[PDB]
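Okay, my_file20.cif now, which holds mmCIF, N, CA and C atoms:
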```cif
data_work
#
loop_
_atom_site.group_PDB
_atom_site.id
_atom_site.type_symbol
_atom_site.label_atom_id
_atom_site.label_comp_id
_atom_site.auth_asym_id
_atom_site.auth_seq_id
_atom_site.Cartn_x
_atom_site.Cartn_y
_atom_site.Cartn_z
ATOM 1 N N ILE N 1 -1.316 7.355 15.928
ATOM 2 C CA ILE N 1 -2.502 6.689 15.410
ATOM 3 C C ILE N 1 -2.875 7.352 14.095
ATOM 4 N N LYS N 2 -3.145 6.540 13.080
ATOM 5 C CA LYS N 2 -3.539 7.029 11.763
ATOM 6 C C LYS N 2 -4.819 6.317 11.350
ATOM 7 N N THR N 3 -5.938 7.034 11.381
ATOM 8 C CA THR N 3 -7.204 6.499 10.901
ATOM 9 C C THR N 3 -7.282 6.683 9.392
ATOM 10 N N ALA N 4 -7.476 5.587 8.666
ATOM 11 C CA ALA N 4 -7.486 5.645 7.219
ATOM 12 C C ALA N 4 -8.737 4.978 6.671
ATOM 13 N N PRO N 5 -9.321 5.519 5.604
ATOM 14 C CA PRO N 5 -10.468 4.853 4.981
ATOM 15 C C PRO N 5 -10.040 3.567 4.293
ATOM 16 N N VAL N 6 -10.691 2.469 4.664
ATOM 17 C CA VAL N 6 -10.419 1.167 4.072
ATOM 18 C C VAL N 6 -11.647 0.700 3.309
ATOM 19 N N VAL N 7 -11.542 -0.458 2.665
ATOM 20 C CA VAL N 7 -12.663 -1.060 1.950
ATOM 21 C C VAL N 7 -13.463 -1.895 2.941
ATOM 22 N N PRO N 8 -14.773 -1.693 3.055
ATOM 23 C CA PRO N 8 -15.569 -2.474 4.005
ATOM 24 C C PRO N 8 -15.459 -3.958 3.716
ATOM 25 N N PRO N 9 -15.401 -4.792 4.754
ATOM 26 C CA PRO N 9 -15.135 -6.223 4.536
ATOM 27 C C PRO N 9 -16.215 -6.945 3.756
ATOM 28 N N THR N 10 -17.434 -6.417 3.712
ATOM 29 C CA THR N 10 -18.543 -7.098 3.061
ATOM 30 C C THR N 10 -18.671 -6.757 1.584
ATOM 31 N N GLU N 11 -17.864 -5.830 1.072
ATOM 32 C CA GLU N 11 -17.914 -5.461 -0.335
ATOM 33 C C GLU N 11 -16.707 -5.972 -1.109
ATOM 34 N N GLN N 12 -16.034 -6.995 -0.593
ATOM 35 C CA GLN N 12 -14.955 -7.655 -1.305
ATOM 36 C C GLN N 12 -14.930 -9.111 -0.878
ATOM 37 N N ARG N 13 -14.363 -9.951 -1.738
ATOM 38 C CA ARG N 13 -14.346 -11.388 -1.513
ATOM 39 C C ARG N 13 -13.005 -11.946 -1.954
ATOM 40 N N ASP N 14 -12.338 -12.672 -1.063
ATOM 41 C CA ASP N 14 -11.129 -13.385 -1.450
ATOM 42 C C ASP N 14 -11.496 -14.602 -2.286
ATOM 43 N N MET N 15 -10.837 -14.748 -3.430
ATOM 44 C CA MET N 15 -11.073 -15.852 -4.347
ATOM 45 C C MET N 15 -9.755 -16.560 -4.608
ATOM 46 N N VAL N 16 -9.727 -17.866 -4.381
ATOM 47 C CA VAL N 16 -8.507 -18.637 -4.576
ATOM 48 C C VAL N 16 -8.306 -18.893 -6.063
ATOM 49 N N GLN N 17 -7.106 -18.599 -6.549
ATOM 50 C CA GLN N 17 -6.747 -18.788 -7.945
ATOM 51 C C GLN N 17 -5.627 -19.809 -8.028
ATOM 52 N N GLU N 18 -5.772 -20.771 -8.929
ATOM 53 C CA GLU N 18 -4.788 -21.829 -9.128
ATOM 54 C C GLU N 18 -4.088 -21.567 -10.452
ATOM 55 N N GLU N 19 -2.804 -21.235 -10.388
ATOM 56 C CA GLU N 19 -2.031 -20.875 -11.567
ATOM 57 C C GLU N 19 -1.171 -22.052 -11.999
ATOM 58 N N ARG N 20 -1.314 -22.451 -13.258
ATOM 59 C CA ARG N 20 -0.565 -23.560 -13.819
ATOM 60 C C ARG N 20 0.133 -23.105 -15.091
ATOM 61 N N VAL N 21 1.331 -23.646 -15.325
ATOM 62 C CA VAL N 21 2.094 -23.289 -16.516
ATOM 63 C C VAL N 21 1.844 -24.227 -17.685
ATOM 64 N N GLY N 22 1.229 -25.377 -17.457
ATOM 65 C CA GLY N 22 0.952 -26.282 -18.549
ATOM 66 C C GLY N 22 0.027 -27.391 -18.110
ATOM 67 N N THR N 23 -0.652 -27.972 -19.090
ATOM 68 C CA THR N 23 -1.614 -29.028 -18.821
ATOM 69 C C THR N 23 -0.893 -30.364 -18.690
ATOM 70 N N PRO N 24 -1.039 -31.070 -17.575
ATOM 71 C CA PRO N 24 -0.340 -32.345 -17.412
ATOM 72 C C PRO N 24 -0.823 -33.394 -18.397
ATOM 73 N N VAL N 25 0.094 -34.287 -18.764
ATOM 74 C CA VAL N 25 -0.172 -35.341 -19.734
ATOM 75 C C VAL N 25 -1.134 -36.358 -19.142
ATOM 76 N N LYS N 26 -1.603 -37.283 -19.980
ATOM 77 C CA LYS N 26 -2.553 -38.294 -19.532
ATOM 78 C C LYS N 26 -1.950 -39.192 -18.458
ATOM 79 N N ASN N 27 -0.774 -39.759 -18.719
ATOM 80 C CA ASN N 27 -0.083 -40.599 -17.740
ATOM 81 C C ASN N 27 0.945 -39.762 -16.983
ATOM 82 N N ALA N 28 0.430 -38.834 -16.179
ATOM 83 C CA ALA N 28 1.303 -37.876 -15.507
ATOM 84 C C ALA N 28 2.162 -38.547 -14.444
ATOM 85 N N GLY N 29 1.604 -39.494 -13.706
ATOM 86 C CA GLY N 29 2.385 -40.135 -12.673
ATOM 87 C C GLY N 29 3.270 -41.261 -13.136
ATOM 88 N N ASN N 30 3.305 -41.522 -14.437
ATOM 89 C CA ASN N 30 4.043 -42.643 -15.000
ATOM 90 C C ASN N 30 5.350 -42.131 -15.580
ATOM 91 N N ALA N 31 6.465 -42.684 -15.106
ATOM 92 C CA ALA N 31 7.756 -42.309 -15.665
ATOM 93 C C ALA N 31 7.931 -42.870 -17.067
ATOM 94 N N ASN N 32 7.474 -44.100 -17.293
ATOM 95 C CA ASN N 32 7.570 -44.765 -18.590
ATOM 96 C C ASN N 32 6.212 -45.339 -18.961
ATOM 97 N N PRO N 33 5.342 -44.544 -19.590
ATOM 98 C CA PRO N 33 4.088 -45.100 -20.112
ATOM 99 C C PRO N 33 4.273 -45.956 -21.345
ATOM 100 N N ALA N 34 5.476 -46.018 -21.903
ATOM 101 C CA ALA N 34 5.757 -46.820 -23.081
ATOM 102 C C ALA N 34 6.250 -48.215 -22.737
ATOM 103 N N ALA N 35 6.234 -48.589 -21.462
ATOM 104 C CA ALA N 35 6.624 -49.924 -21.043
ATOM 105 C C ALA N 35 5.466 -50.906 -21.059
ATOM 106 N N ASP N 36 4.241 -50.433 -21.268
ATOM 107 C CA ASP N 36 3.130 -51.342 -21.510
ATOM 108 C C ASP N 36 3.173 -51.909 -22.919
ATOM 109 N N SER N 37 3.738 -51.156 -23.860
ATOM 110 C CA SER N 37 3.904 -51.584 -25.240
ATOM 111 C C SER N 37 5.195 -52.364 -25.429
ATOM 112 N N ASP N 38 6.300 -51.854 -24.889
ATOM 113 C CA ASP N 38 7.591 -52.516 -25.024
ATOM 114 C C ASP N 38 7.630 -53.870 -24.345
ATOM 115 N N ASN N 39 6.674 -54.166 -23.470
ATOM 116 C CA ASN N 39 6.612 -55.446 -22.782
ATOM 117 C C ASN N 39 5.461 -56.312 -23.268
ATOM 118 N N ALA N 40 4.833 -55.954 -24.385
ATOM 119 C CA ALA N 40 3.801 -56.785 -25.003
ATOM 120 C C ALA N 40 4.471 -57.663 -26.050
ATOM 121 N N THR N 41 5.090 -58.738 -25.570
ATOM 122 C CA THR N 41 5.845 -59.630 -26.435
ATOM 123 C C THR N 41 4.977 -60.675 -27.114
ATOM 124 N N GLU N 42 3.712 -60.800 -26.725
ATOM 125 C CA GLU N 42 2.789 -61.691 -27.409
ATOM 126 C C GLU N 42 1.945 -60.986 -28.457
ATOM 127 N N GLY N 43 1.795 -59.673 -28.359
ATOM 128 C CA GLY N 43 0.975 -58.908 -29.272
ATOM 129 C C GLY N 43 -0.164 -58.207 -28.556
ATOM 130 N N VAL N 44 -0.870 -57.390 -29.331
ATOM 131 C CA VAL N 44 -2.018 -56.631 -28.854
ATOM 132 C C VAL N 44 -3.094 -56.679 -29.926
ATOM 133 N N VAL N 45 -4.335 -56.924 -29.513
ATOM 134 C CA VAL N 45 -5.445 -57.014 -30.453
ATOM 135 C C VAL N 45 -6.239 -55.715 -30.496
ATOM 136 N N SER H 1 38.413 47.573 14.732
ATOM 137 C CA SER H 1 37.369 47.138 15.647
ATOM 138 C C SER H 1 37.202 45.631 15.684
ATOM 139 N N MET H 2 37.883 44.897 14.811
ATOM 140 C CA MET H 2 37.814 43.445 14.825
ATOM 141 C C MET H 2 39.000 42.806 15.522
ATOM 142 N N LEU H 3 40.151 43.472 15.539
ATOM 143 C CA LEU H 3 41.246 43.005 16.374
ATOM 144 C C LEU H 3 40.904 43.152 17.843
ATOM 145 N N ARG H 4 40.094 44.152 18.183
ATOM 146 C CA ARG H 4 39.672 44.368 19.556
ATOM 147 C C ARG H 4 38.669 43.333 20.035
ATOM 148 N N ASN H 5 38.062 42.570 19.129
ATOM 149 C CA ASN H 5 37.165 41.482 19.488
ATOM 150 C C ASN H 5 37.855 40.127 19.400
ATOM 151 N N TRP H 6 39.169 40.105 19.618
ATOM 152 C CA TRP H 6 39.957 38.879 19.708
ATOM 153 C C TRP H 6 39.827 38.029 18.452
ATOM 154 N N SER H 7 39.831 38.678 17.296
ATOM 155 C CA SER H 7 39.876 37.952 16.038
ATOM 156 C C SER H 7 41.283 37.511 15.682
ATOM 157 N N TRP H 8 42.255 37.807 16.533
ATOM 158 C CA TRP H 8 43.641 37.424 16.336
ATOM 159 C C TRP H 8 44.006 36.123 17.028
ATOM 160 N N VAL H 9 43.064 35.467 17.700
ATOM 161 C CA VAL H 9 43.419 34.384 18.607
ATOM 162 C C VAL H 9 43.644 33.090 17.835
ATOM 163 N N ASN H 10 44.404 32.192 18.457
ATOM 164 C CA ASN H 10 44.582 30.838 17.954
ATOM 165 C C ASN H 10 43.253 30.107 18.016
ATOM 166 N N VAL H 11 42.740 29.697 16.861
ATOM 167 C CA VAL H 11 41.382 29.177 16.768
ATOM 168 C C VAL H 11 41.295 27.799 17.415
ATOM 169 N N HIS H 12 42.421 27.286 17.894
ATOM 170 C CA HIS H 12 42.438 26.001 18.573
ATOM 171 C C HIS H 12 42.232 26.127 20.072
ATOM 172 N N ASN H 13 42.132 27.346 20.590
ATOM 173 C CA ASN H 13 41.809 27.585 21.987
ATOM 174 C C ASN H 13 40.344 27.923 22.195
ATOM 175 N N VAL H 14 39.540 27.891 21.143
ATOM 176 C CA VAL H 14 38.115 28.163 21.242
ATOM 177 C C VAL H 14 37.405 26.825 21.373
ATOM 178 N N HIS H 15 36.772 26.592 22.515
ATOM 179 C CA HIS H 15 36.135 25.317 22.799
ATOM 180 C C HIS H 15 34.623 25.469 22.794
ATOM 181 N N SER H 16 33.940 24.495 22.207
ATOM 182 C CA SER H 16 32.492 24.442 22.316
ATOM 183 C C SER H 16 32.097 24.199 23.763
ATOM 184 N N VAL H 17 30.940 24.736 24.151
ATOM 185 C CA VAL H 17 30.515 24.652 25.541
ATOM 186 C C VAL H 17 30.198 23.235 25.982
ATOM 187 N N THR H 18 30.106 22.290 25.060
ATOM 188 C CA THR H 18 29.976 20.891 25.427
ATOM 189 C C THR H 18 31.284 20.122 25.306
ATOM 190 N N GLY H 19 32.292 20.691 24.659
ATOM 191 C CA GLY H 19 33.514 19.970 24.398
ATOM 192 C C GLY H 19 33.415 18.950 23.293
ATOM 193 N N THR H 20 32.295 18.907 22.577
ATOM 194 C CA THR H 20 32.056 17.922 21.540
ATOM 195 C C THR H 20 31.573 18.604 20.272
ATOM 196 N N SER H 21 31.774 17.921 19.155
ATOM 197 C CA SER H 21 31.182 18.279 17.882
ATOM 198 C C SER H 21 29.989 17.369 17.632
ATOM 199 N N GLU H 22 29.422 17.447 16.435
ATOM 200 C CA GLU H 22 28.125 16.838 16.205
ATOM 201 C C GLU H 22 27.842 16.837 14.712
ATOM 202 N N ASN H 23 27.313 15.729 14.211
ATOM 203 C CA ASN H 23 26.800 15.655 12.848
ATOM 204 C C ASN H 23 25.411 15.046 12.923
ATOM 205 N N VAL H 24 24.394 15.882 12.776
ATOM 206 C CA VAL H 24 23.008 15.480 12.946
ATOM 207 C C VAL H 24 22.399 15.271 11.575
ATOM 208 N N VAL H 25 21.810 14.101 11.361
ATOM 209 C CA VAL H 25 20.974 13.833 10.200
ATOM 210 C C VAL H 25 19.740 13.129 10.744
ATOM 211 N N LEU H 26 18.678 13.888 10.987
ATOM 212 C CA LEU H 26 17.477 13.386 11.633
ATOM 213 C C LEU H 26 16.310 13.393 10.660
ATOM 214 N N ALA H 27 15.528 12.319 10.677
ATOM 215 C CA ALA H 27 14.276 12.295 9.937
ATOM 216 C C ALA H 27 13.333 13.325 10.537
ATOM 217 N N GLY H 28 12.833 14.231 9.705
ATOM 218 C CA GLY H 28 12.120 15.380 10.213
ATOM 219 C C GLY H 28 10.659 15.457 9.840
ATOM 220 N N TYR H 29 10.035 16.574 10.195
ATOM 221 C CA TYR H 29 8.623 16.789 9.931
ATOM 222 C C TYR H 29 8.387 16.953 8.438
ATOM 223 N N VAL H 30 7.462 16.168 7.892
ATOM 224 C CA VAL H 30 7.058 16.289 6.502
ATOM 225 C C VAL H 30 5.663 16.882 6.375
ATOM 226 N N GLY H 31 4.748 16.498 7.256
ATOM 227 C CA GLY H 31 3.420 17.065 7.267
ATOM 228 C C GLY H 31 2.354 16.220 6.619
ATOM 229 N N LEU H 32 2.688 15.010 6.179
ATOM 230 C CA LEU H 32 1.697 14.124 5.591
ATOM 231 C C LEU H 32 0.791 13.505 6.643
ATOM 232 N N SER H 33 1.314 13.238 7.840
ATOM 233 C CA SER H 33 0.483 12.696 8.909
ATOM 234 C C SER H 33 -0.556 13.705 9.376
ATOM 235 N N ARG H 34 -0.172 14.978 9.488
ATOM 236 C CA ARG H 34 -1.090 15.989 9.999
ATOM 237 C C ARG H 34 -2.163 16.343 8.980
ATOM 238 N N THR H 35 -1.805 16.413 7.698
ATOM 239 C CA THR H 35 -2.801 16.712 6.677
ATOM 240 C C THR H 35 -3.751 15.544 6.471
ATOM 241 N N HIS H 36 -3.265 14.318 6.633
ATOM 242 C CA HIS H 36 -4.144 13.161 6.569
ATOM 243 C C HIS H 36 -5.160 13.186 7.698
ATOM 244 N N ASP H 37 -4.712 13.501 8.915
ATOM 245 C CA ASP H 37 -5.608 13.530 10.063
ATOM 246 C C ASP H 37 -6.610 14.663 9.983
ATOM 247 N N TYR H 38 -6.312 15.713 9.224
ATOM 248 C CA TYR H 38 -7.269 16.799 9.075
ATOM 249 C C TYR H 38 -8.413 16.408 8.153
ATOM 250 N N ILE H 39 -8.112 15.701 7.065
ATOM 251 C CA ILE H 39 -9.158 15.319 6.126
ATOM 252 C C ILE H 39 -10.098 14.301 6.751
ATOM 253 N N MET H 40 -9.581 13.417 7.594
ATOM 254 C CA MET H 40 -10.426 12.456 8.284
ATOM 255 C C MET H 40 -11.082 13.034 9.527
ATOM 256 N N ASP H 41 -10.795 14.290 9.864
ATOM 257 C CA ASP H 41 -11.357 14.975 11.024
ATOM 258 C C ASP H 41 -11.001 14.286 12.330
ATOM 259 N N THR H 42 -9.969 13.445 12.323
ATOM 260 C CA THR H 42 -9.627 12.690 13.520
ATOM 261 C C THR H 42 -8.958 13.583 14.555
ATOM 262 N N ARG H 43 -7.814 14.171 14.208
ATOM 263 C CA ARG H 43 -7.116 15.109 15.088
ATOM 264 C C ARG H 43 -6.797 16.349 14.260
ATOM 265 N N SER H 44 -7.780 17.241 14.138
ATOM 266 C CA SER H 44 -7.654 18.359 13.211
ATOM 267 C C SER H 44 -6.618 19.364 13.692
ATOM 268 N N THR H 45 -6.667 19.730 14.969
ATOM 269 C CA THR H 45 -5.696 20.656 15.528
ATOM 270 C C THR H 45 -4.726 19.912 16.437
ATOM 271 N N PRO H 46 -3.436 19.889 16.101
ATOM 272 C CA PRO H 46 -2.460 19.187 16.936
ATOM 273 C C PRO H 46 -1.775 20.053 17.979
ATOM 274 N N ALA H 47 -1.938 21.371 17.922
ATOM 275 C CA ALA H 47 -1.343 22.246 18.921
ATOM 276 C C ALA H 47 -2.113 22.148 20.229
ATOM 277 N N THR H 48 -1.397 21.879 21.315
ATOM 278 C CA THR H 48 -2.018 21.684 22.613
ATOM 279 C C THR H 48 -2.076 22.997 23.381
ATOM 280 N N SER H 49 -2.820 22.981 24.490
ATOM 281 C CA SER H 49 -2.996 24.191 25.282
ATOM 282 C C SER H 49 -1.676 24.696 25.840
ATOM 283 N N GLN H 50 -0.773 23.788 26.206
ATOM 284 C CA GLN H 50 0.541 24.198 26.675
ATOM 285 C C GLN H 50 1.364 24.842 25.568
#
```
As structure tokens, the full file:
Amino acid sequence: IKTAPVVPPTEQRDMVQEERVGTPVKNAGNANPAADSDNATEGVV
Amino acid sequence: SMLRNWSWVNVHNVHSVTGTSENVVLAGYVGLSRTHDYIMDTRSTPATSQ
């Protein structure tokens, strides 16, 4: 048995951190966001 | 006085009392557990009455 001094549970707080490597684009779920333009065969106002 | 103590014998007739050899490499006493327990006053003296 080894009794060791630890940090009291009430003087620390677990905080969830979300780590990201880059900011997702506007049309993140779209494989081809350029197909709204390539399929505008009548024009756009 | 050394020939009289059978220093002339064939060293292959001298047998260990167990008949075996041995290569011991055991993890041993370091003393970190006992010094830790002394500072915490948990088990200051580890020597028992026996």
Could you list, with a cut-off of 8 Å and counting all atoms listed in the file, the residues of chain N near chain H, each shown with its nearest atom pair and the distance in Å rounded to one decimal, rows sorted by chain and ascending number, as JSON lines?
```
{"residue": "N:1", "atom": "C", "partner": "H:37", "partner_atom": "CA", "distance": 7.9}
{"residue": "N:2", "atom": "CA", "partner": "H:37", "partner_atom": "CA", "distance": 7.0}
{"residue": "N:3", "atom": "N", "partner": "H:37", "partner_atom": "CA", "distance": 6.6}
{"residue": "N:4", "atom": "N", "partner": "H:40", "partner_atom": "CA", "distance": 7.5}
{"residue": "N:5", "atom": "N", "partner": "H:40", "partner_atom": "CA", "distance": 7.5}
```
Query - Two-atom distance - atom C of residue 32 (chain H), atom C of residue 44 (chain H) (Å) - result: 11.8 Å
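In this model, the gap between atom N of residue 7 (chain N) and atom N of residue 46 (chain H) comes to 25.7 Å.
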Query - Residues of region 10-48 of chain H in helix (DSSP H, G or I), written as a ChimeraX atom specification - result: /H:11-13,32-39
Take the residues from that selection and write them out as a compact mmCIF listing (two decimals), in the coordinates of the input, keeping N, CA and C atoms.
```txt
# COMPACT_ATOMS: atom_id res chain seq x y z
N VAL H 11 42.74 29.70 16.86
CA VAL H 11 41.38 29.18 16.77
C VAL H 11 41.30 27.80 17.42
N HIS H 12 42.42 27.29 17.89
CA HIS H 12 42.44 26.00 18.57
C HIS H 12 42.23 26.13 20.07
N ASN H 13 42.13 27.35 20.59
CA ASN H 13 41.81 27.58 21.99
C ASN H 13 40.34 27.92 22.20
N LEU H 32 2.69 15.01 6.18
CA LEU H 32 1.70 14.12 5.59
C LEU H 32 0.79 13.50 6.64
N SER H 33 1.31 13.24 7.84
CA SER H 33 0.48 12.70 8.91
C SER H 33 -0.56 13.70 9.38
N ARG H 34 -0.17 14.98 9.49
CA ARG H 34 -1.09 15.99 10.00
C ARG H 34 -2.16 16.34 8.98
N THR H 35 -1.80 16.41 7.70
CA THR H 35 -2.80 16.71 6.68
C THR H 35 -3.75 15.54 6.47
N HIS H 36 -3.26 14.32 6.63
CA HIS H 36 -4.14 13.16 6.57
C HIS H 36 -5.16 13.19 7.70
N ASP H 37 -4.71 13.50 8.91
CA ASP H 37 -5.61 13.53 10.06
C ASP H 37 -6.61 14.66 9.98
N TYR H 38 -6.31 15.71 9.22
CA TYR H 38 -7.27 16.80 9.07
C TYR H 38 -8.41 16.41 8.15
N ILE H 39 -8.11 15.70 7.06
CA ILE H 39 -9.16 15.32 6.13
C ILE H 39 -10.10 14.30 6.75
```
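From CA of residue 26 (chain H) back to CA of residue 47 (chain H), the distance works out to 22.0 Å.
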